[PDB]
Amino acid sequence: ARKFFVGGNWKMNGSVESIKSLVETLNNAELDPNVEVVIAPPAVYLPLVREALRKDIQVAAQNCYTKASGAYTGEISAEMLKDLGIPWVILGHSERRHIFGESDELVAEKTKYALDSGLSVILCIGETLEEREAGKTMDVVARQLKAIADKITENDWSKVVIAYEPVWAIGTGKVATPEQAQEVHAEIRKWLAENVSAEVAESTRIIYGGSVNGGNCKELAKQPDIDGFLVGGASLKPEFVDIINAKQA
């Protein structure tokens, strides 16, 4: 059975004081023991969070670059994350693909290097509104996944979690139903079965990275191919605890 996986992406949010309050709430919370939980603070707070946070929750960077070291002002490497005991990195987030123009190949290079440097990867994919209305949801996610598949080995996939972002329902005012999210997750899993292997399709957690809150997380978690969440704003809030507990009665 695929272990349920709940990631919290703080994005560009946090102070020493607000992070201390957020971490205290998580440290005091009663958490579903079969859920794998990962928190992604801004890079400058990664040591602070890793030192204060309960050890059953792991820490993620929100991005890294493609080499171990070099002349790349403003970039961090997977070796640095490993050095600091940061076992996870988010790569290919739609904000980085769109705002910062990260190419499919760049996301694939970053993924391969992070895997080879010992990290696990939350790999983000998803189609825009124009792509969805033009009928290209599956062409887009197949293309975004093929770029990684072409660079990483079959065994490399064991340390990958795929986050589906319905970019078409982020900032557009549209709302994705659990039914619509389930349909894409099932299409992602079949892409894995037919283009990577039976094992990778059965083992890879595909988590939903659309709008997730206390009000909708239980209905979303019940969908057969939704293995958890990549949560945005709600990961800054106490209801993140409820989202972690989405599979509990």
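Start at 1 and count along the sequence shown; that's the residue number.
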47 to 55 versus 65 to 73 - greater average Cα B-factor per the deposited record: 47 to 55
Higher-B stretch (mean Cα B-factor, as the entry records it), 153 to 161 or 90 to 98: 153 to 161
Selection by C-alpha B-factor (highest) of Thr172, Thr128, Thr111, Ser103: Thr172
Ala29, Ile207, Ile39, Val184, ranked by C-alpha B-factor: the highest one: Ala29
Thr25 - which third its CA temperature factor falls in, relative to the rest of the chain: highest
Modelled-residue ranking by C-alpha temperature factor, third containing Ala134: highest
Within-chain third of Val140 by Cα B-factor, per the entry: middle
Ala176, C-alpha B-factor rank within chain (lowest, middle or highest third): highest
Modelled-residue ranking by C-alpha temperature factor, third containing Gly14: middle
